[PDB]
Amino acid sequence: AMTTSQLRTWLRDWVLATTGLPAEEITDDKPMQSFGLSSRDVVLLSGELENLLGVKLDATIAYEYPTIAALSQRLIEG
Ligand SMILES: CC(C)(COP(=O)(O)O)[C@@H](O)C(=O)NCCC(=O)NCCS
């Protein structure tokens, strides 16, 4: 079982890989809307997290909890 800390790093790493942004633009508290993710990729992230965590999630979960910090808190604490 991942911690919130480990999940925040998984998500920051995913944002970086998915957008090409510099590391300094991706932080735990910035609004996810500022990352320039396509909404296809935002929905794809939910599916990847489903597999990562073994649970069912809303397709739009990352907009619903719109920071890396808030999303990790919600996924680990339900
Ligand atoms: C999340 C989303 C709705 C895409 O939303 P988005 O384009 O805002 O980024 C995607 O998962 C989906 O369900 N459909 C995208 C394309 C589609 O359904 N029809 C194409 C009409 S132009």
# chains A, B, ... in the order shown; residues from 1 in each chain; ligands from 1

$ residues_near_ligand --ligand "ligand 1" --cutoff "7 Å" --atoms "only C-alpha atoms and all ligand atoms" --output "list in words"
residues 38, 39, 40 and 43 of chain A

$ residues_around --residues "residue 57 (chain A)" --least-positions-apart "6" --cutoff "9 Å" --atoms "only C-alpha atoms" --output "PDB file with N, CA and C atoms, in the first residue's frame"
ATOM      1  N   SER A  46      -6.983   8.662 -14.591  1.00  0.00           N
ATOM      2  CA  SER A  46      -7.877   7.940 -13.702  1.00  0.00           C
ATOM      3  C   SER A  46      -7.795   6.436 -13.930  1.00  0.00           C
ATOM      4  N   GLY A  47      -7.819   5.999 -15.195  1.00  0.00           N
ATOM      5  CA  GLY A  47      -7.677   4.568 -15.461  1.00  0.00           C
ATOM      6  C   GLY A  47      -6.353   3.997 -14.989  1.00  0.00           C
ATOM      7  N   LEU A  49      -4.616   5.086 -12.477  1.00  0.00           N
ATOM      8  CA  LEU A  49      -4.683   4.989 -11.023  1.00  0.00           C
ATOM      9  C   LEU A  49      -5.561   3.826 -10.593  1.00  0.00           C
ATOM     10  N   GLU A  50      -6.643   3.552 -11.336  1.00  0.00           N
ATOM     11  CA  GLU A  50      -7.451   2.380 -11.010  1.00  0.00           C
ATOM     12  C   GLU A  50      -6.583   1.131 -10.946  1.00  0.00           C
TER      13      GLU A  50
END

$ closest_residue --among "A:9, A:35, A:74, A:62" --to "residue 22 (chain A)" --atoms "only C-alpha atoms"
A:35

$ closest_residue --among "A:30, A:2, A:24, A:17" --to "residue 70 (chain A)" --atoms "only C-alpha atoms"
A:30

$ select_by_dssp --residues "chain A" --states "helix (DSSP H, G or I)" --output "ChimeraX atom specification"
/A:4-19,23-25,32-35,39-53,61-64,68-77

$ closest_residue --among "A:32, A:55, A:61, A:68" --to "residue 7 (chain A)" --atoms "only C-alpha atoms"
A:68

$ atom_distance --atom1 "CA of residue 25 (chain A)" --atom2 "CA of residue 76 (chain A)"
24.2 Å

$ closest_residue --among "A:11, A:53, A:59, A:37" --to "residue 75 (chain A)" --atoms "only C-alpha atoms"
A:53
